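K.L.:
Sharing a structure below in structure tokens format, with a few things to ask.
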Protein chains: 4
Amino acid sequence: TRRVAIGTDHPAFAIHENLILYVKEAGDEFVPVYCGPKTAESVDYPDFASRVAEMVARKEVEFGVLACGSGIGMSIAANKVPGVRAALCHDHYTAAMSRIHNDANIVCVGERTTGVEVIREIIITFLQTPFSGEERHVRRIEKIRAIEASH
Amino acid sequence: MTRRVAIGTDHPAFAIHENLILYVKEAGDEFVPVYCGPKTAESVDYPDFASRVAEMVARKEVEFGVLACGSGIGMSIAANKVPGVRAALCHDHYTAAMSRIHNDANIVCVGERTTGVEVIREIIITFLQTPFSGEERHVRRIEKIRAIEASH
Amino acid sequence: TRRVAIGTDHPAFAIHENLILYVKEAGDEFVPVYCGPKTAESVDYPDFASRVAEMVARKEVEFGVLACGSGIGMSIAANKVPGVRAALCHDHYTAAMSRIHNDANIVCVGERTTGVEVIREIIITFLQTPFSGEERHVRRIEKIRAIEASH
Amino acid sequence: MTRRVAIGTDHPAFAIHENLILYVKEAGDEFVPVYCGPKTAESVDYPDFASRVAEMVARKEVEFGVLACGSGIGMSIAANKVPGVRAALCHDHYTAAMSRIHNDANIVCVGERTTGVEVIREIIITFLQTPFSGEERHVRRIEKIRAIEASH
Ligand SMILES: O=C(NO)[C@H](O)[C@H](O)COP(=O)(O)O
Ligand SMILES: O=C(NO)[C@H](O)[C@H](O)COP(=O)(O)O
Ligand SMILES: O=C(NO)[C@H](O)[C@H](O)COP(=O)(O)O
Ligand SMILES: O=C(NO)[C@H](O)[C@H](O)COP(=O)(O)O
């Protein structure tokens, strides 16, 4: 069982059931946990970025999915939480490499920037692709953890 | 009155480092590049250079940063670990503009392996030239990012 | 007055009024002419690609806008009409350069690939950006016309 | 039983021409690159090389073509002028896959100025390896493209 927490702001609300669906499409072991808004009225992305990022950091869930206008807001605010490696992806390549090289634990996408079928592909690829485990990446990821600790 | 812009890369982006320097100048006379990346070909660790540039931005030694890696991802994660930093992974003109308009982003991140140099150029120029909107919901949202930083 | 004919298939139907709106947003001189489907049921992209491309070729309208799943189908089928330079754009850069270098007369976009705000930006940039008029491009565009004539 | 793949570029894509050759091989043993672009640095006219490769595909001398220019656009326009050709401008994995699945595309077009080499690699590989679906609505739509060609 690999839980994936889902967060959005208002531009991504209309596509939230899509994101739920795309998590389950990655495999039966992938369980979506919807932590986004309940209504379509404006909300502030940091509020929902924080909720999902804290769950990931605390290890309640293995993965996060965050959507907003461009995904930029989500990736900045999620990365403020220690333990989070939030990757803003715009295609299949960035989704795969975020996992292989960076061991990313949160994938961020933009609703106004990336079509839903590419959002589908991103989410599925992010979840299914393993971290390489290579020495250099393991070292670089540990160096990100050391930047957190120095602050 | 002129605006400093620090540039960092790891090894795959080293091959285009004078490109990055050039594109910063291309945004206007008032933009001064500050090269902080691998002085040479050397395979290096992106978080070391993201930190160098991220710290300069957070200390207000430069106004903006430009970071390049393979996909841009490692640079955006590592730079966002520094409080005071809003580092945006951009891949086209629209994200470069909106990162500024909505998020008041102070670091632009790009991948050399994903995004062609003429779009990287367009990203950098758009980033540097586009102003923050100052609009109420955006200020409040940026403050909420700061409040998150304060809690950790 | 610069008429712009608009064509879609079914995945782009839900966003057809968007495309109408984005044409007018480029300027008051830009007049949208909707030539896409009236209902959301499946249709074949070549049918609507051809209608718009023929209007452009015959010079009824100055410009075309075509949307489908990925935009690939639209750009292949529209380019089959002599006189058409249909450019599949996915960002601002490709929209600008399609006009500056290629003198493109039709812009093609994918609904499932490119978010509407980037589709907005593409359409506005395509319409507002002039052809450079440079010798080399004028020569290359004339060489495209010579490929048509040899078939 | 092995599948030939002709490659053409103009001048900005010349710098990555052995990349393109390499990536075609990377899709499998059964893929044979056929280099047809500028043998040298020379500033050239994209329609001359789009034609060379487009004609080889239409004559069935090769099964696939790969075309690279600045933005990929001029290559897709010029190659689509040859009857029998379905040339797709792709910029990521999804368009590369769908061009094959839905449109049975026989030429892949890319921009060196817009799309980074590792994604160009991914585009080429995905294009070559992904099969046409053969599904009814797609066959009919492809035939309608042919019927358009016949009318001119
Ligand atoms: O894209 C975003 N953050 O990156 C936000 O979703 C975006 O600013 C929301 O904008 P809006 O409040 O005009 O809808
Ligand atoms: O993509 C990146 N960071 O996100 C880095 O540039 C990447 O890890 C470099 O990988 P390499 O060590 O295979 O060159
Ligand atoms: O993207 C397209 N042509 O490029 C078409 O819109 C696409 O094949 C439509 O697919 P569908 O018939 O499964 O909706
Ligand atoms: O983008 C292209 N065709 O679409 C071409 O590579 C482009 O016209 C080359 O332009 P240049 O003549 O400035 O190098």
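Chains: A, B, ... in order of the structure tokens. Residues: from 1 per chain. Ligands: from 1, in order shown.
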Could you list, as JSON, numbers by chain, the residues of chain C having an atom within 8 Å of chain D when counting only C-alpha atoms?
P.N.:
{"C": [44, 45, 46, 47, 50, 70, 72, 73, 75, 76, 77, 79, 80, 81, 82, 85, 86, 87, 88, 90, 93, 94, 97, 98, 102, 113, 136, 140, 143, 144, 147, 148, 151]}
K.L.:
Just to be explicit: take each residue in the selection above, keep C-alpha atoms, and write the result as an mmCIF file, in the first residue's frame.
P.N.:
data_model
loop_
_atom_site.group_PDB
_atom_site.id
_atom_site.type_symbol
_atom_site.label_atom_id
_atom_site.label_comp_id
_atom_site.auth_asym_id
_atom_site.auth_seq_id
_atom_site.Cartn_x
_atom_site.Cartn_y
_atom_site.Cartn_z
ATOM 1 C CA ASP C 44 -12.855 13.383 -37.836
ATOM 2 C CA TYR C 45 -10.171 16.105 -37.666
ATOM 3 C CA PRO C 46 -9.333 16.035 -41.459
ATOM 4 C CA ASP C 47 -12.876 17.217 -42.252
ATOM 5 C CA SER C 50 -9.654 20.830 -44.668
ATOM 6 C CA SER C 70 -2.444 16.699 -29.666
ATOM 7 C CA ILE C 72 -0.605 16.583 -34.731
ATOM 8 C CA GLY C 73 -3.602 15.455 -36.840
ATOM 9 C CA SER C 75 -1.085 20.090 -38.713
ATOM 10 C CA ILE C 76 -0.614 17.070 -41.005
ATOM 11 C CA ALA C 77 -4.025 17.350 -42.700
ATOM 12 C CA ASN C 79 -0.515 21.111 -44.559
ATOM 13 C CA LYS C 80 -1.879 18.919 -47.379
ATOM 14 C CA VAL C 81 -3.620 22.005 -48.802
ATOM 15 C CA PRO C 82 -1.366 24.069 -51.149
ATOM 16 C CA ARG C 85 1.829 26.658 -43.648
ATOM 17 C CA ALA C 86 0.271 25.038 -40.567
ATOM 18 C CA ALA C 87 2.497 25.243 -37.473
ATOM 19 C CA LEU C 88 1.984 22.968 -34.420
ATOM 20 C CA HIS C 90 3.308 24.205 -27.787
ATOM 21 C CA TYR C 93 8.521 30.650 -28.654
ATOM 22 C CA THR C 94 7.127 28.266 -31.314
ATOM 23 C CA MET C 97 8.987 31.906 -34.595
ATOM 24 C CA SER C 98 6.311 30.176 -36.728
ATOM 25 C CA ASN C 102 8.019 30.395 -41.472
ATOM 26 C CA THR C 113 -1.445 18.405 -24.286
ATOM 27 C CA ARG C 136 16.449 33.529 -46.375
ATOM 28 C CA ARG C 140 12.710 28.910 -47.889
ATOM 29 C CA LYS C 143 10.955 26.456 -51.783
ATOM 30 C CA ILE C 144 7.956 24.942 -49.879
ATOM 31 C CA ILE C 147 7.628 21.195 -53.372
ATOM 32 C CA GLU C 148 3.799 21.617 -53.724
ATOM 33 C CA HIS C 151 3.365 17.069 -56.886
#
K.L.:
Select from chain B every residue with an atom at most 8 Å from any atom of chain D, then for each give the shortest pair of atoms and their distance in Å to one decimal, using only C-alpha atoms, rows by chain and rising number, as a Markdown table.
P.N.:
| residue | atom | partner | partner_atom | distance |
| --- | --- | --- | --- | --- |
| B:112 | CA | D:116 | CA | 6.3 |
| B:113 | CA | D:116 | CA | 4.6 |
| B:114 | CA | D:116 | CA | 4.0 |
| B:115 | CA | D:116 | CA | 4.6 |
| B:116 | CA | D:114 | CA | 4.0 |
| B:117 | CA | D:113 | CA | 5.7 |
| B:118 | CA | D:113 | CA | 5.3 |
| B:119 | CA | D:114 | CA | 5.7 |
K.L.:
Applying 10 Å and only C-alpha atoms, which residues near residue 14 of chain A remain after dropping the ones on its own chain fewer than 6 positions away? List them as a list in words.
P.N.:
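Contacts, with the query itself left out: residues 8, 39, 40 and 111 of chain A.
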K.L.:
Would you give me, as a VMD selection string, the residues in segment 11-151 of chain A that DSSP reads as strand (DSSP E)?
P.N.:
chain A and resid 30 to 34 63 to 68 86 to 88 106 to 110
K.L.:
Tell me, as a list in words, which residues lie within 9 Å of residue 84 of chain D, counting only C-alpha atoms; anything in the same chain fewer than 5 positions away does not count.
P.N.:
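In the requested format, the answer is residues 54, 55, 57, 58, 59, 106, 146 and 149 of chain D.
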K.L.:
Write out as a PDB file with N, CA, C and O atoms, in the first residue's frame every residue belonging to chain C that has an atom at most 12 Å from any atom of chain A, counting only C-alpha atoms.
P.N.:
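Full text of iface-v3.pdb as output:
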ATOM      1  N   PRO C  11     -12.318  16.458 -28.921  1.00  0.00           N
ATOM      2  CA  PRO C  11     -11.636  16.838 -27.669  1.00  0.00           C
ATOM      3  C   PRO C  11     -11.442  18.353 -27.504  1.00  0.00           C
ATOM      4  O   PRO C  11     -11.317  18.832 -26.395  1.00  0.00           O
ATOM      5  N   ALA C  12     -11.449  19.102 -28.601  1.00  0.00           N
ATOM      6  CA  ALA C  12     -11.314  20.543 -28.499  1.00  0.00           C
ATOM      7  C   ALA C  12     -12.653  21.289 -28.475  1.00  0.00           C
ATOM      8  O   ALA C  12     -12.675  22.509 -28.291  1.00  0.00           O
ATOM      9  N   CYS C  68      -7.128  19.915 -31.797  1.00  0.00           N
ATOM     10  CA  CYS C  68      -7.499  18.518 -31.719  1.00  0.00           C
ATOM     11  C   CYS C  68      -6.810  17.950 -30.461  1.00  0.00           C
ATOM     12  O   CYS C  68      -6.323  18.731 -29.634  1.00  0.00           O
ATOM     13  N   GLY C  69      -6.787  16.625 -30.287  1.00  0.00           N
ATOM     14  CA  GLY C  69      -6.158  16.030 -29.104  1.00  0.00           C
ATOM     15  C   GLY C  69      -4.749  16.550 -28.804  1.00  0.00           C
ATOM     16  O   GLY C  69      -4.469  17.089 -27.728  1.00  0.00           O
ATOM     17  N   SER C  70      -3.875  16.408 -29.787  1.00  0.00           N
ATOM     18  CA  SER C  70      -2.444  16.699 -29.666  1.00  0.00           C
ATOM     19  C   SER C  70      -1.994  17.779 -30.657  1.00  0.00           C
ATOM     20  O   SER C  70      -0.842  18.271 -30.595  1.00  0.00           O
ATOM     21  N   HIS C  90       3.516  24.732 -29.149  1.00  0.00           N
ATOM     22  CA  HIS C  90       3.308  24.205 -27.787  1.00  0.00           C
ATOM     23  C   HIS C  90       3.705  25.212 -26.708  1.00  0.00           C
ATOM     24  O   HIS C  90       3.584  24.940 -25.514  1.00  0.00           O
ATOM     25  N   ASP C  91       4.212  26.359 -27.154  1.00  0.00           N
ATOM     26  CA  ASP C  91       4.589  27.452 -26.280  1.00  0.00           C
ATOM     27  C   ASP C  91       4.644  28.758 -27.070  1.00  0.00           C
ATOM     28  O   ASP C  91       4.354  28.770 -28.284  1.00  0.00           O
ATOM     29  N   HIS C  92       4.994  29.838 -26.359  1.00  0.00           N
ATOM     30  CA  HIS C  92       5.135  31.176 -26.912  1.00  0.00           C
ATOM     31  C   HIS C  92       6.253  31.216 -27.987  1.00  0.00           C
ATOM     32  O   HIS C  92       6.062  31.787 -29.065  1.00  0.00           O
ATOM     33  N   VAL C 109      -2.884  23.495 -32.189  1.00  0.00           N
ATOM     34  CA  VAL C 109      -2.665  23.233 -30.764  1.00  0.00           C
ATOM     35  C   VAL C 109      -3.371  21.932 -30.339  1.00  0.00           C
ATOM     36  O   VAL C 109      -4.354  21.508 -30.956  1.00  0.00           O
ATOM     37  N   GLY C 110      -2.842  21.303 -29.300  1.00  0.00           N
ATOM     38  CA  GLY C 110      -3.463  20.134 -28.685  1.00  0.00           C
ATOM     39  C   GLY C 110      -4.147  20.433 -27.361  1.00  0.00           C
ATOM     40  O   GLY C 110      -3.518  20.913 -26.412  1.00  0.00           O
ATOM     41  N   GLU C 111      -5.436  20.121 -27.308  1.00  0.00           N
ATOM     42  CA  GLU C 111      -6.294  20.287 -26.113  1.00  0.00           C
ATOM     43  C   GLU C 111      -5.887  19.405 -24.913  1.00  0.00           C
ATOM     44  O   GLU C 111      -5.995  19.830 -23.753  1.00  0.00           O
ATOM     45  N   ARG C 112      -5.434  18.187 -25.205  1.00  0.00           N
ATOM     46  CA  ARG C 112      -5.067  17.204 -24.178  1.00  0.00           C
ATOM     47  C   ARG C 112      -3.618  17.383 -23.764  1.00  0.00           C
ATOM     48  O   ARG C 112      -3.183  16.783 -22.778  1.00  0.00           O
ATOM     49  N   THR C 113      -2.872  18.193 -24.526  1.00  0.00           N
ATOM     50  CA  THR C 113      -1.445  18.405 -24.286  1.00  0.00           C
ATOM     51  C   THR C 113      -1.091  19.758 -23.676  1.00  0.00           C
ATOM     52  O   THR C 113      -0.204  19.845 -22.826  1.00  0.00           O
ATOM     53  N   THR C 114      -1.770  20.813 -24.119  1.00  0.00           N
ATOM     54  CA  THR C 114      -1.412  22.193 -23.767  1.00  0.00           C
ATOM     55  C   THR C 114      -2.555  22.837 -22.985  1.00  0.00           C
ATOM     56  O   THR C 114      -3.675  22.889 -23.486  1.00  0.00           O
ATOM     57  N   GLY C 115      -2.280  23.303 -21.764  1.00  0.00           N
ATOM     58  CA  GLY C 115      -3.286  23.990 -20.930  1.00  0.00           C
ATOM     59  C   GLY C 115      -3.874  25.216 -21.619  1.00  0.00           C
ATOM     60  O   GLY C 115      -3.198  25.832 -22.454  1.00  0.00           O
ATOM     61  N   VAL C 116      -5.130  25.566 -21.304  1.00  0.00           N
ATOM     62  CA  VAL C 116      -5.802  26.665 -22.025  1.00  0.00           C
ATOM     63  C   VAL C 116      -5.088  28.025 -21.959  1.00  0.00           C
ATOM     64  O   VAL C 116      -5.141  28.788 -22.928  1.00  0.00           O
ATOM     65  N   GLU C 117      -4.420  28.337 -20.840  1.00  0.00           N
ATOM     66  CA  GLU C 117      -3.729  29.634 -20.718  1.00  0.00           C
ATOM     67  C   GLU C 117      -2.516  29.721 -21.633  1.00  0.00           C
ATOM     68  O   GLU C 117      -2.168  30.795 -22.109  1.00  0.00           O
ATOM     69  N   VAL C 118      -1.891  28.572 -21.887  1.00  0.00           N
ATOM     70  CA  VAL C 118      -0.796  28.491 -22.841  1.00  0.00           C
ATOM     71  C   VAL C 118      -1.377  28.472 -24.257  1.00  0.00           C
ATOM     72  O   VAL C 118      -0.818  29.078 -25.161  1.00  0.00           O
ATOM     73  N   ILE C 119      -2.513  27.802 -24.443  1.00  0.00           N
ATOM     74  CA  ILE C 119      -3.256  27.911 -25.715  1.00  0.00           C
ATOM     75  C   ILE C 119      -3.639  29.384 -25.979  1.00  0.00           C
ATOM     76  O   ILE C 119      -3.440  29.851 -27.081  1.00  0.00           O
ATOM     77  N   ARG C 120      -4.157  30.105 -24.974  1.00  0.00           N
ATOM     78  CA  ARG C 120      -4.443  31.556 -25.093  1.00  0.00           C
ATOM     79  C   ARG C 120      -3.235  32.343 -25.582  1.00  0.00           C
ATOM     80  O   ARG C 120      -3.294  33.003 -26.620  1.00  0.00           O
ATOM     81  N   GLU C 121      -2.149  32.258 -24.817  1.00  0.00           N
ATOM     82  CA  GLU C 121      -0.863  32.856 -25.175  1.00  0.00           C
ATOM     83  C   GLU C 121      -0.412  32.495 -26.600  1.00  0.00           C
ATOM     84  O   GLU C 121      -0.077  33.377 -27.366  1.00  0.00           O
ATOM     85  N   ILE C 122      -0.413  31.216 -26.961  1.00  0.00           N
ATOM     86  CA  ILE C 122      -0.025  30.791 -28.334  1.00  0.00           C
ATOM     87  C   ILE C 122      -0.820  31.573 -29.412  1.00  0.00           C
ATOM     88  O   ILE C 122      -0.236  32.178 -30.316  1.00  0.00           O
TER      89      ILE C 122
END
K.L.:
Quick one, how far is atom CA of residue 13 of chain D from atom CA of residue 53 of chain C?
P.N.:
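These atoms are spaced 29.3 Å apart.
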K.L.:
Find the residues around segment 34-40 of chain B up to 12 Å (only C-alpha atoms counted), leave out those fewer than 2 positions away in its own chain, and share them as a PyMOL selection string.
P.N.:
chain B and resi 3-22+24-25+31-32+42-57+61-69
K.L.:
Near residue 33 of chain C, within 12 Å and counting only C-alpha atoms, which residues show up once chain neighbours fewer than 5 positions away are dropped, as a ChimeraX atom specification?
P.N.:
/C:1-7,16-17,19-21,23-24,51-52,55-56,60-66
K.L.:
Record the distance separating atom CA of residue 131 of chain D and atom CA of residue 2 of chain D, expressed in Å with one decimal.
P.N.:
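Between atom CA of residue 131 of chain D and atom CA of residue 2 of chain D the gap works out to 14.9 Å.
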K.L.:
For atom CA of residue 145 of chain C and atom CA of residue 83 of chain C, determine how far apart the two atoms are, in Å to one decimal place.
P.N.:
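These two atoms are separated by 7.2 Å.
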K.L.:
Compare D:97, D:29, D:122, D:23 by their minimum atom-to-atom distance to ligand 3, counting only C-alpha atoms and all ligand atoms, and give me the closest one.
P.N.:
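Going through D:97, D:29, D:122, D:23 one by one, the smallest distance to ligand 3 is for D:97.
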